[PDB]
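Undergrad: Data file structure.cif (mmCIF, C-alpha atoms and all ligand atoms) is appended below.
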data_start
loop_
_atom_site.label_atom_id
_atom_site.label_comp_id
_atom_site.auth_asym_id
_atom_site.auth_seq_id
_atom_site.Cartn_x
_atom_site.Cartn_y
_atom_site.Cartn_z
CA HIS Z 1 15.72 26.60 123.65
CA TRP Z 2 19.31 25.56 124.07
CA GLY Z 3 21.71 27.80 125.91
CA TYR Z 4 24.30 27.83 128.66
CA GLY Z 5 22.02 27.84 131.79
CA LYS Z 6 21.28 25.31 134.41
CA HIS Z 7 18.48 23.69 132.62
CA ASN Z 8 19.49 24.13 129.00
CA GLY Z 9 23.28 24.03 128.88
CA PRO Z 10 25.73 21.74 127.07
CA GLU Z 11 24.87 18.64 129.05
CA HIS Z 12 21.27 18.87 127.69
CA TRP Z 13 21.96 19.55 124.07
CA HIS Z 14 22.01 15.90 123.05
CA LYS Z 15 18.22 15.61 123.59
CA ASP Z 16 17.45 17.91 120.65
CA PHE Z 17 20.77 17.37 118.81
CA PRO Z 18 21.78 13.74 119.23
CA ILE Z 19 25.11 14.29 117.27
CA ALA Z 20 26.22 16.00 120.47
CA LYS Z 21 27.39 12.46 121.44
CA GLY Z 22 28.94 11.84 117.99
CA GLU Z 23 32.35 10.77 116.85
CA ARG Z 24 33.81 14.11 115.84
CA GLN Z 25 32.56 16.67 118.39
CA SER Z 26 34.27 19.91 119.34
CA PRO Z 27 35.88 21.43 121.29
CA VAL Z 28 38.56 19.05 122.55
CA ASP Z 29 41.49 19.20 124.90
CA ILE Z 30 44.78 19.65 122.95
CA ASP Z 31 47.37 17.49 124.67
CA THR Z 32 50.68 19.06 123.53
CA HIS Z 33 52.47 15.87 124.59
CA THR Z 34 50.51 13.68 122.22
CA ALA Z 35 49.85 15.98 119.23
CA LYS Z 36 52.35 15.07 116.56
CA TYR Z 37 54.20 17.34 114.21
CA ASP Z 38 53.09 16.72 110.66
CA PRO Z 39 55.72 17.86 108.11
CA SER Z 40 53.17 17.48 105.29
CA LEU Z 41 51.12 20.42 106.70
CA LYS Z 42 51.56 23.82 105.03
CA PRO Z 43 51.75 27.28 106.30
CA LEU Z 44 48.42 28.80 106.75
CA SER Z 45 47.47 31.45 104.20
CA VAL Z 46 45.27 34.08 105.68
CA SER Z 47 44.21 36.61 102.95
CA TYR Z 48 42.12 39.28 104.70
CA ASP Z 49 43.29 42.43 102.86
CA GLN Z 50 39.98 42.79 100.97
CA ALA Z 51 37.68 41.81 103.87
CA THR Z 52 34.32 43.65 104.04
CA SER Z 53 32.70 43.56 107.38
CA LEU Z 54 29.04 44.58 107.31
CA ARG Z 55 27.30 44.23 110.60
CA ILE Z 56 27.48 42.99 114.19
CA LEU Z 57 24.62 40.93 115.65
CA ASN Z 58 23.69 39.69 119.14
CA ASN Z 59 22.15 36.32 118.40
CA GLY Z 60 21.34 35.46 121.99
CA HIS Z 61 24.33 33.07 122.38
CA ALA Z 62 27.21 35.27 121.28
CA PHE Z 63 27.67 38.14 118.85
CA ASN Z 64 28.71 37.68 115.24
CA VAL Z 65 30.75 40.15 113.18
CA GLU Z 66 29.54 39.39 109.67
CA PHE Z 67 31.33 39.72 106.36
CA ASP Z 68 30.54 39.86 102.64
CA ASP Z 69 31.09 36.33 101.53
CA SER Z 70 29.66 36.80 97.99
CA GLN Z 71 33.23 37.03 96.48
CA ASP Z 72 36.75 35.74 97.52
CA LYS Z 73 37.48 38.84 99.63
CA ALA Z 74 38.70 37.27 102.94
CA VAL Z 75 39.93 33.72 102.47
CA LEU Z 76 41.79 31.00 104.28
CA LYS Z 77 43.85 28.51 102.27
CA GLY Z 78 46.79 26.24 102.91
CA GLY Z 79 47.56 24.54 106.12
CA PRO Z 80 45.59 21.35 106.21
CA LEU Z 81 43.01 22.63 103.71
CA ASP Z 82 42.37 21.76 100.11
CA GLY Z 83 40.76 24.65 98.18
CA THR Z 84 39.56 28.05 99.31
CA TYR Z 85 37.49 28.91 102.36
CA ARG Z 86 35.64 32.27 102.63
CA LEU Z 87 35.23 34.21 105.87
CA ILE Z 88 31.56 34.55 106.78
CA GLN Z 89 31.69 35.71 110.43
CA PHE Z 90 33.70 35.74 113.60
CA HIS Z 91 32.49 35.47 117.20
CA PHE Z 92 33.86 34.71 120.65
CA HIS Z 93 33.18 32.50 123.64
CA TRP Z 94 34.11 33.84 127.08
CA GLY Z 95 33.85 33.33 130.79
CA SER Z 96 32.47 34.97 133.90
CA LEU Z 97 36.06 34.83 135.37
CA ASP Z 98 39.39 35.10 133.76
CA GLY Z 99 40.19 31.46 134.56
CA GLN Z 100 37.60 30.08 132.15
CA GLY Z 101 35.92 30.91 128.87
CA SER Z 102 37.71 29.02 126.14
CA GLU Z 103 36.20 25.99 124.42
CA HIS Z 104 39.40 24.26 123.42
CA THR Z 105 41.87 23.70 126.21
CA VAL Z 106 45.62 23.14 126.05
CA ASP Z 107 46.88 20.48 128.46
CA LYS Z 108 43.62 21.15 130.31
CA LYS Z 109 44.35 24.87 130.59
CA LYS Z 110 41.33 27.10 129.99
CA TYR Z 111 41.89 30.55 128.52
CA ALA Z 112 39.73 33.60 129.31
CA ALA Z 113 38.07 33.49 125.88
CA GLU Z 114 38.31 32.04 122.38
CA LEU Z 115 37.81 33.72 119.02
CA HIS Z 116 36.36 31.72 116.10
CA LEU Z 117 36.80 32.96 112.53
CA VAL Z 118 34.39 30.88 110.49
CA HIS Z 119 35.00 30.08 106.85
CA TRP Z 120 33.16 27.93 104.30
CA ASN Z 121 34.51 25.89 101.42
CA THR Z 122 33.76 27.65 98.16
CA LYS Z 123 33.25 24.36 96.35
CA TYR Z 124 29.88 24.06 98.11
CA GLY Z 125 28.55 27.41 96.94
CA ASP Z 126 26.89 28.62 100.21
CA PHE Z 127 27.35 28.26 103.94
CA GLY Z 128 24.14 26.28 104.31
CA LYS Z 129 25.31 23.65 101.81
CA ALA Z 130 28.81 23.66 103.29
CA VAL Z 131 27.68 22.71 106.80
CA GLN Z 132 26.29 19.47 105.31
CA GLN Z 133 29.74 18.34 104.23
CA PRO Z 134 32.60 16.86 106.30
CA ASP Z 135 35.00 19.37 104.78
CA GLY Z 136 32.56 22.25 104.58
CA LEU Z 137 34.00 24.66 107.10
CA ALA Z 138 37.40 25.81 108.37
CA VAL Z 139 37.40 27.55 111.72
CA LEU Z 140 40.44 29.47 112.90
CA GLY Z 141 40.45 29.44 116.68
CA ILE Z 142 42.49 31.92 118.69
CA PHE Z 143 42.86 31.95 122.48
CA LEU Z 144 42.51 35.13 124.52
CA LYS Z 145 44.32 35.76 127.80
CA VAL Z 146 43.91 38.82 129.99
CA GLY Z 147 46.89 41.18 130.06
CA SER Z 148 47.67 44.07 127.76
CA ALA Z 149 44.84 45.48 125.61
CA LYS Z 150 44.41 44.41 122.03
CA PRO Z 151 44.00 47.64 120.12
CA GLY Z 152 42.49 45.91 117.14
CA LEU Z 153 39.63 44.63 119.34
CA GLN Z 154 38.60 48.02 120.66
CA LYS Z 155 36.23 48.87 117.80
CA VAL Z 156 34.29 45.69 118.66
CA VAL Z 157 34.22 46.56 122.33
CA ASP Z 158 32.95 49.99 121.70
CA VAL Z 159 29.91 48.86 119.68
CA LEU Z 160 28.73 46.35 122.26
CA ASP Z 161 26.49 48.83 124.07
CA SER Z 162 24.45 49.13 120.82
CA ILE Z 163 23.84 45.38 120.70
CA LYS Z 164 23.26 44.61 124.37
CA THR Z 165 20.37 42.25 123.95
CA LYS Z 166 19.32 39.36 121.73
CA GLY Z 167 18.24 40.32 118.29
CA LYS Z 168 19.99 43.68 118.13
CA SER Z 169 22.25 44.41 115.21
CA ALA Z 170 24.38 47.41 114.25
CA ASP Z 171 26.24 48.50 111.12
CA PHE Z 172 29.85 47.46 111.43
CA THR Z 173 31.80 48.31 108.34
CA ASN Z 174 35.46 48.54 107.63
CA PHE Z 175 36.58 46.31 110.51
CA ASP Z 176 39.93 44.70 109.89
CA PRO Z 177 40.12 41.12 111.32
CA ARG Z 178 43.93 41.10 110.87
CA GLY Z 179 43.97 43.16 114.08
CA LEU Z 180 42.85 40.10 116.02
CA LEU Z 181 45.68 37.79 115.02
CA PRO Z 182 48.74 36.86 117.05
CA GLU Z 183 52.23 37.15 115.59
CA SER Z 184 52.64 33.44 114.88
CA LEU Z 185 50.40 31.26 112.66
CA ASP Z 186 51.72 28.02 114.20
CA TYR Z 187 48.70 25.75 114.79
CA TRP Z 188 47.14 22.50 115.73
CA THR Z 189 44.51 20.90 113.51
CA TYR Z 190 41.92 18.16 113.78
CA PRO Z 191 38.50 17.25 112.33
CA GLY Z 192 35.48 18.29 114.39
CA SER Z 193 32.22 20.09 114.68
CA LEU Z 194 30.36 23.28 115.27
CA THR Z 195 30.45 23.98 119.04
CA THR Z 196 26.85 25.19 119.15
CA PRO Z 197 23.67 23.47 117.95
CA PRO Z 198 23.26 22.00 115.39
CA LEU Z 199 26.75 20.62 116.30
CA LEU Z 200 27.32 19.47 112.71
CA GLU Z 201 30.52 17.55 112.03
CA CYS Z 202 31.68 19.75 109.18
CA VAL Z 203 34.74 21.57 110.54
CA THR Z 204 38.47 21.42 109.94
CA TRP Z 205 39.68 23.10 113.11
CA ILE Z 206 42.84 25.20 112.99
CA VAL Z 207 43.73 26.34 116.51
CA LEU Z 208 46.61 28.81 116.84
CA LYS Z 209 49.29 28.06 119.45
CA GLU Z 210 49.88 31.67 120.37
CA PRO Z 211 47.16 33.48 122.30
CA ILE Z 212 46.29 37.15 121.94
CA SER Z 213 46.18 39.39 125.01
CA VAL Z 214 43.14 41.56 125.80
CA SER Z 215 42.73 43.89 128.74
CA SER Z 216 40.66 43.30 131.77
CA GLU Z 217 38.47 46.33 130.68
CA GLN Z 218 37.93 44.76 127.25
CA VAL Z 219 36.71 41.44 128.71
CA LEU Z 220 34.58 43.26 131.28
CA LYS Z 221 32.64 44.91 128.42
CA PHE Z 222 31.91 41.49 126.90
CA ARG Z 223 30.48 40.44 130.22
CA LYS Z 224 27.94 43.28 130.12
CA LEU Z 225 26.18 41.75 127.13
CA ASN Z 226 22.86 39.97 127.68
CA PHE Z 227 21.55 36.63 126.54
CA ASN Z 228 17.97 37.96 126.84
CA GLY Z 229 15.96 40.20 124.59
CA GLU Z 230 15.16 43.82 125.49
CA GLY Z 231 12.39 43.93 128.04
CA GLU Z 232 13.00 40.45 129.26
CA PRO Z 233 14.73 39.52 132.63
CA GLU Z 234 18.50 40.34 132.43
CA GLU Z 235 20.87 37.46 132.21
CA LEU Z 236 24.48 38.33 131.54
CA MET Z 237 26.05 36.76 128.43
CA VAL Z 238 28.90 34.92 130.21
CA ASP Z 239 30.17 31.37 130.20
CA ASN Z 240 28.91 30.80 126.66
CA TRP Z 241 31.41 27.96 126.09
CA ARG Z 242 30.99 24.25 125.52
CA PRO Z 243 33.45 22.08 127.52
CA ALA Z 244 35.88 19.65 125.92
CA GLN Z 245 34.41 16.58 124.29
CA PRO Z 246 35.99 13.09 123.86
CA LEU Z 247 38.65 12.90 121.18
CA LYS Z 248 37.59 9.40 120.13
CA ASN Z 249 39.22 8.15 117.01
CA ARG Z 250 41.02 11.39 116.07
CA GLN Z 251 44.56 12.69 116.05
CA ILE Z 252 45.58 16.26 116.61
CA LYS Z 253 48.43 17.34 114.28
CA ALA Z 254 50.84 20.19 114.89
CA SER Z 255 52.27 22.46 112.21
CA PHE Z 256 55.36 23.11 114.33
CA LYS Z 257 58.11 21.11 116.02
ZN ZN T 301 32.41 29.44 118.26
#
Render the structure in this file as structure tokens.
TA:
Amino acid sequence: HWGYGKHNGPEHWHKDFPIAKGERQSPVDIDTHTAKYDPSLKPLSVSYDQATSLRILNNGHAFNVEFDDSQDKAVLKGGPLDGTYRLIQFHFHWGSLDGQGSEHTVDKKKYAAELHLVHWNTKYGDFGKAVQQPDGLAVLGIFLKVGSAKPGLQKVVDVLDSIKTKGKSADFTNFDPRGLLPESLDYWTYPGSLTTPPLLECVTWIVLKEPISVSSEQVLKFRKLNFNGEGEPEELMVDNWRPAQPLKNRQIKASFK
């Protein structure tokens, strides 16, 4: 019964998930004045040409756009990563107001939302095995600010009415996640965790420097989603973000000078 309410939000999660107070928790604040350029980092390789989206699901905490991860169809390689990481799903975190919503912050700045493209390391065979490993996942995080619309988001926006409440799913084929990327693949990277329970410390985070812009109408439609199931009391799916956690004994590295 974890969530983002008064009585079950991030400050409570440690009671059921004690790693919430662990050494490698996410998100974090990215201090651009202390992150250091690392010339050993490589460019990211994002290979999404063969991606096969299947379905969109409201899980009661966000919605996931799910992919076929039974072959190397949509993969992330390079950057800080060794090996090949397969796209399994993407989802977002967003606010009730345009001045909050992101999980990572940049010099304490909060963005309106944050996109997470989740990938698992193929050496571990399946997502469930991967999350048990320190290098099991690679998450590409992308900030959203409100401004111009993002045309490549609109197909997501338009299906939201079909998945208003927890537990609803809808077919969602042929969606192209390349339409959610910014122009630049410059990034910061650090070792961390899932940002929702079970909060496992299995993630190489790759957070893009350049945000995407979405329109105010696009974000408004996200805010019409519900955390509750159909026929339960309506609670808008907003502010489904975890705040920044202590960096502890980690360094954030930049791919760019
Ligand atoms: Zn996330």
Undergrad: Check every protein, DNA and RNA residue against ligand ZN 301 (chain T), keep those with an atom at most 12 Å away (counting only C-alpha atoms and all ligand atoms), and present them as a PyMOL selection string.
TA: chain Z and resi 26-27+61-65+89-94+101-104+113-119+138-143+193-197+199+203+205+207+240-243
Undergrad: Which residues are close to segment 161-167 of chain Z, i.e. within 9 Å by all atoms listed in the file, leaving aside same-chain residues fewer than 2 positions away? Reply as a ChimeraX atom specification.
TA: /Z:56-63,157-159,169-170,221,224-230,234
Undergrad: Just give me the gap between atom CA of residue 250 of chain Z and atom CA of residue 180 of chain Z in Å, one decimal is fine.
TA: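 Distance between the two atoms: 28.8 Å.
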Undergrad: Hey, what's within 6 Å of residue 95 of chain Z if we count all atoms listed in the file and toss same-chain stuff fewer than 4 positions away? As number ranges by chain, please?
TA: Z: 100-101, 238-239
Undergrad: Restricting the calculation to all atoms listed in the file, which member of Z:44, Z:144, Z:208, Z:247 is positioned closest to residue 28 of chain Z?
TA: Z:247
Undergrad: Atom CA of residue 111 of chain Z and atom CA of residue 213 of chain Z are how many Å apart?
TA: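 For atom CA of residue 111 of chain Z relative to atom CA of residue 213 of chain Z, the distance reads 10.4 Å.
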Undergrad: Rounded to one decimal, what separation in Å do you get between atom CA of residue 16 of chain Z and atom CA of residue 201 of chain Z?
TA: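 Spanning atom CA of residue 16 of chain Z to atom CA of residue 201 of chain Z is a straight-line distance of 15.7 Å.
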Undergrad: Which centre and edge lengths in Å to one decimal define the box along x, y and z that fits every listed atom of segment 91-107 of chain Z plus 6 Å per side, as lines of an AutoDock Vina configuration file?
TA:
center_x = 39.7
center_y = 28.0
center_z = 126.3
size_x = 26.4
size_y = 27.0
size_z = 30.2
Undergrad: Starting from the structure just given, write a file holding segment 93-128 of chain Z with N, CA, C and O atoms, as a PDB file, in the first residue's frame.
TA:
ATOM      1  N   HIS Z  93       6.895  10.431 -14.561  1.00  0.00           N
ATOM      2  CA  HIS Z  93       6.521  10.996 -13.283  1.00  0.00           C
ATOM      3  C   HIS Z  93       6.183  12.487 -13.541  1.00  0.00           C
ATOM      4  O   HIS Z  93       6.882  13.107 -14.331  1.00  0.00           O
ATOM      5  N   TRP Z  94       5.139  13.003 -12.905  1.00  0.00           N
ATOM      6  CA  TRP Z  94       4.741  14.356 -13.186  1.00  0.00           C
ATOM      7  C   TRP Z  94       4.071  15.012 -11.985  1.00  0.00           C
ATOM      8  O   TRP Z  94       3.755  14.350 -11.012  1.00  0.00           O
ATOM      9  N   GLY Z  95       3.894  16.328 -12.102  1.00  0.00           N
ATOM     10  CA  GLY Z  95       3.393  17.102 -11.004  1.00  0.00           C
ATOM     11  C   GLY Z  95       1.950  17.512 -11.130  1.00  0.00           C
ATOM     12  O   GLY Z  95       1.314  17.340 -12.178  1.00  0.00           O
ATOM     13  N   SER Z  96       1.463  18.129 -10.068  1.00  0.00           N
ATOM     14  CA  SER Z  96       0.152  18.813 -10.083  1.00  0.00           C
ATOM     15  C   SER Z  96       0.263  20.239 -10.655  1.00  0.00           C
ATOM     16  O   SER Z  96      -0.759  20.829 -10.972  1.00  0.00           O
ATOM     17  N   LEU Z  97       1.476  20.765 -10.735  1.00  0.00           N
ATOM     18  CA  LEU Z  97       1.810  22.150 -11.163  1.00  0.00           C
ATOM     19  C   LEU Z  97       3.015  22.064 -12.007  1.00  0.00           C
ATOM     20  O   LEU Z  97       3.838  21.191 -11.787  1.00  0.00           O
ATOM     21  N   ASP Z  98       3.186  23.056 -12.909  1.00  0.00           N
ATOM     22  CA  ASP Z  98       4.295  22.929 -13.798  1.00  0.00           C
ATOM     23  C   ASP Z  98       5.677  23.077 -13.151  1.00  0.00           C
ATOM     24  O   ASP Z  98       6.638  22.641 -13.722  1.00  0.00           O
ATOM     25  N   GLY Z  99       5.688  23.643 -11.960  1.00  0.00           N
ATOM     26  CA  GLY Z  99       6.930  23.830 -11.197  1.00  0.00           C
ATOM     27  C   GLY Z  99       7.412  22.629 -10.404  1.00  0.00           C
ATOM     28  O   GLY Z  99       8.422  22.750  -9.725  1.00  0.00           O
ATOM     29  N   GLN Z 100       6.809  21.490 -10.579  1.00  0.00           N
ATOM     30  CA  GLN Z 100       7.304  20.264  -9.947  1.00  0.00           C
ATOM     31  C   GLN Z 100       6.847  19.054 -10.760  1.00  0.00           C
ATOM     32  O   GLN Z 100       5.975  19.181 -11.591  1.00  0.00           O
ATOM     33  N   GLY Z 101       7.464  17.898 -10.461  1.00  0.00           N
ATOM     34  CA  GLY Z 101       7.093  16.700 -11.174  1.00  0.00           C
ATOM     35  C   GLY Z 101       8.249  15.803 -11.471  1.00  0.00           C
ATOM     36  O   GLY Z 101       8.094  14.591 -11.501  1.00  0.00           O
ATOM     37  N   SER Z 102       9.445  16.377 -11.725  1.00  0.00           N
ATOM     38  CA  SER Z 102      10.588  15.526 -11.945  1.00  0.00           C
ATOM     39  C   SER Z 102      11.085  14.860 -10.662  1.00  0.00           C
ATOM     40  O   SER Z 102      10.823  15.338  -9.537  1.00  0.00           O
ATOM     41  N   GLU Z 103      11.828  13.798 -10.844  1.00  0.00           N
ATOM     42  CA  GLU Z 103      12.454  13.057  -9.732  1.00  0.00           C
ATOM     43  C   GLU Z 103      13.889  13.569  -9.566  1.00  0.00           C
ATOM     44  O   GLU Z 103      14.236  14.115  -8.524  1.00  0.00           O
ATOM     45  N   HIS Z 104      14.711  13.397 -10.578  1.00  0.00           N
ATOM     46  CA  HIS Z 104      15.977  14.125 -10.565  1.00  0.00           C
ATOM     47  C   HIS Z 104      15.725  15.604 -10.643  1.00  0.00           C
ATOM     48  O   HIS Z 104      14.726  16.096 -11.177  1.00  0.00           O
ATOM     49  N   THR Z 105      16.650  16.364 -10.051  1.00  0.00           N
ATOM     50  CA  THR Z 105      16.694  17.800 -10.161  1.00  0.00           C
ATOM     51  C   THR Z 105      18.079  18.220 -10.679  1.00  0.00           C
ATOM     52  O   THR Z 105      19.014  17.423 -10.578  1.00  0.00           O
ATOM     53  N   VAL Z 106      18.167  19.433 -11.214  1.00  0.00           N
ATOM     54  CA  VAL Z 106      19.402  19.924 -11.757  1.00  0.00           C
ATOM     55  C   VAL Z 106      19.719  21.240 -11.048  1.00  0.00           C
ATOM     56  O   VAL Z 106      18.955  22.192 -11.225  1.00  0.00           O
ATOM     57  N   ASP Z 107      20.726  21.240 -10.224  1.00  0.00           N
ATOM     58  CA  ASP Z 107      20.979  22.440  -9.380  1.00  0.00           C
ATOM     59  C   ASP Z 107      19.718  22.839  -8.631  1.00  0.00           C
ATOM     60  O   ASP Z 107      19.407  24.047  -8.504  1.00  0.00           O
ATOM     61  N   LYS Z 108      19.032  21.808  -8.109  1.00  0.00           N
ATOM     62  CA  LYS Z 108      17.793  21.957  -7.354  1.00  0.00           C
ATOM     63  C   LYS Z 108      16.579  22.336  -8.174  1.00  0.00           C
ATOM     64  O   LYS Z 108      15.495  22.354  -7.610  1.00  0.00           O
ATOM     65  N   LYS Z 109      16.750  22.557  -9.458  1.00  0.00           N
ATOM     66  CA  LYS Z 109      15.578  22.844 -10.324  1.00  0.00           C
ATOM     67  C   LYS Z 109      14.765  21.566 -10.537  1.00  0.00           C
ATOM     68  O   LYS Z 109      15.316  20.540 -10.957  1.00  0.00           O
ATOM     69  N   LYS Z 110      13.456  21.697 -10.328  1.00  0.00           N
ATOM     70  CA  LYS Z 110      12.485  20.664 -10.665  1.00  0.00           C
ATOM     71  C   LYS Z 110      11.886  20.962 -12.000  1.00  0.00           C
ATOM     72  O   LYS Z 110      11.436  22.093 -12.285  1.00  0.00           O
ATOM     73  N   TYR Z 111      11.784  19.949 -12.863  1.00  0.00           N
ATOM     74  CA  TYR Z 111      11.080  20.048 -14.128  1.00  0.00           C
ATOM     75  C   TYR Z 111       9.597  19.616 -13.924  1.00  0.00           C
ATOM     76  O   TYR Z 111       9.228  19.075 -12.876  1.00  0.00           O
ATOM     77  N   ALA Z 112       8.796  19.856 -14.958  1.00  0.00           N
ATOM     78  CA  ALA Z 112       7.373  19.530 -14.889  1.00  0.00           C
ATOM     79  C   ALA Z 112       7.112  18.020 -14.841  1.00  0.00           C
ATOM     80  O   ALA Z 112       6.068  17.556 -14.376  1.00  0.00           O
ATOM     81  N   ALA Z 113       8.047  17.261 -15.435  1.00  0.00           N
ATOM     82  CA  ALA Z 113       7.869  15.805 -15.500  1.00  0.00           C
ATOM     83  C   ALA Z 113       9.216  15.193 -15.862  1.00  0.00           C
ATOM     84  O   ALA Z 113      10.170  15.897 -16.212  1.00  0.00           O
ATOM     85  N   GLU Z 114       9.245  13.855 -15.789  1.00  0.00           N
ATOM     86  CA  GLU Z 114      10.454  13.100 -16.148  1.00  0.00           C
ATOM     87  C   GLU Z 114      10.034  11.796 -16.775  1.00  0.00           C
ATOM     88  O   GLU Z 114       9.176  11.074 -16.195  1.00  0.00           O
ATOM     89  N   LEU Z 115      10.598  11.469 -17.907  1.00  0.00           N
ATOM     90  CA  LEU Z 115      10.399  10.236 -18.640  1.00  0.00           C
ATOM     91  C   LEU Z 115      11.522   9.246 -18.268  1.00  0.00           C
ATOM     92  O   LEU Z 115      12.694   9.631 -18.311  1.00  0.00           O
ATOM     93  N   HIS Z 116      11.151   8.016 -18.005  1.00  0.00           N
ATOM     94  CA  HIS Z 116      12.093   6.923 -17.753  1.00  0.00           C
ATOM     95  C   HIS Z 116      11.908   5.851 -18.746  1.00  0.00           C
ATOM     96  O   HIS Z 116      10.862   5.192 -18.804  1.00  0.00           O
ATOM     97  N   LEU Z 117      12.937   5.588 -19.570  1.00  0.00           N
ATOM     98  CA  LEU Z 117      12.997   4.444 -20.492  1.00  0.00           C
ATOM     99  C   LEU Z 117      13.843   3.411 -19.827  1.00  0.00           C
ATOM    100  O   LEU Z 117      15.037   3.600 -19.573  1.00  0.00           O
ATOM    101  N   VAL Z 118      13.191   2.274 -19.480  1.00  0.00           N
ATOM    102  CA  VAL Z 118      13.800   1.239 -18.662  1.00  0.00           C
ATOM    103  C   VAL Z 118      14.303   0.113 -19.499  1.00  0.00           C
ATOM    104  O   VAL Z 118      13.556  -0.456 -20.285  1.00  0.00           O
ATOM    105  N   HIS Z 119      15.560  -0.256 -19.287  1.00  0.00           N
ATOM    106  CA  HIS Z 119      16.231  -1.307 -20.031  1.00  0.00           C
ATOM    107  C   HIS Z 119      16.934  -2.291 -19.115  1.00  0.00           C
ATOM    108  O   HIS Z 119      17.438  -1.865 -18.095  1.00  0.00           O
ATOM    109  N   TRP Z 120      16.961  -3.571 -19.492  1.00  0.00           N
ATOM    110  CA  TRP Z 120      17.637  -4.571 -18.675  1.00  0.00           C
ATOM    111  C   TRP Z 120      18.757  -5.224 -19.431  1.00  0.00           C
ATOM    112  O   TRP Z 120      18.752  -5.430 -20.642  1.00  0.00           O
ATOM    113  N   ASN Z 121      19.801  -5.600 -18.643  1.00  0.00           N
ATOM    114  CA  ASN Z 121      21.036  -6.151 -19.181  1.00  0.00           C
ATOM    115  C   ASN Z 121      20.814  -7.574 -19.640  1.00  0.00           C
ATOM    116  O   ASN Z 121      20.461  -8.478 -18.898  1.00  0.00           O
ATOM    117  N   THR Z 122      21.051  -7.795 -20.925  1.00  0.00           N
ATOM    118  CA  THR Z 122      20.738  -9.083 -21.543  1.00  0.00           C
ATOM    119  C   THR Z 122      21.553 -10.210 -20.974  1.00  0.00           C
ATOM    120  O   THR Z 122      21.111 -11.380 -21.107  1.00  0.00           O
ATOM    121  N   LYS Z 123      22.693  -9.925 -20.283  1.00  0.00           N
ATOM    122  CA  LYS Z 123      23.416 -11.015 -19.704  1.00  0.00           C
ATOM    123  C   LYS Z 123      22.645 -11.720 -18.571  1.00  0.00           C
ATOM    124  O   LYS Z 123      23.065 -12.810 -18.185  1.00  0.00           O
ATOM    125  N   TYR Z 124      21.595 -11.109 -18.025  1.00  0.00           N
ATOM    126  CA  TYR Z 124      20.863 -11.697 -16.959  1.00  0.00           C
ATOM    127  C   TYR Z 124      19.575 -12.377 -17.396  1.00  0.00           C
ATOM    128  O   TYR Z 124      18.813 -12.868 -16.578  1.00  0.00           O
ATOM    129  N   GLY Z 125      19.297 -12.353 -18.722  1.00  0.00           N
ATOM    130  CA  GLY Z 125      18.259 -13.237 -19.248  1.00  0.00           C
ATOM    131  C   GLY Z 125      16.806 -12.716 -19.152  1.00  0.00           C
ATOM    132  O   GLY Z 125      16.033 -12.937 -20.111  1.00  0.00           O
ATOM    133  N   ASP Z 126      16.434 -12.180 -17.960  1.00  0.00           N
ATOM    134  CA  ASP Z 126      15.079 -11.590 -17.803  1.00  0.00           C
ATOM    135  C   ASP Z 126      15.129 -10.424 -16.841  1.00  0.00           C
ATOM    136  O   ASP Z 126      16.088 -10.288 -16.024  1.00  0.00           O
ATOM    137  N   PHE Z 127      14.098  -9.541 -16.965  1.00  0.00           N
ATOM    138  CA  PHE Z 127      14.054  -8.381 -16.089  1.00  0.00           C
ATOM    139  C   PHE Z 127      14.123  -8.759 -14.586  1.00  0.00           C
ATOM    140  O   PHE Z 127      14.774  -8.077 -13.813  1.00  0.00           O
ATOM    141  N   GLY Z 128      13.359  -9.786 -14.222  1.00  0.00           N
ATOM    142  CA  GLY Z 128      13.316 -10.167 -12.832  1.00  0.00           C
ATOM    143  C   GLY Z 128      14.643 -10.602 -12.253  1.00  0.00           C
ATOM    144  O   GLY Z 128      14.946 -10.315 -11.080  1.00  0.00           O
TER     145      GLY Z 128
END
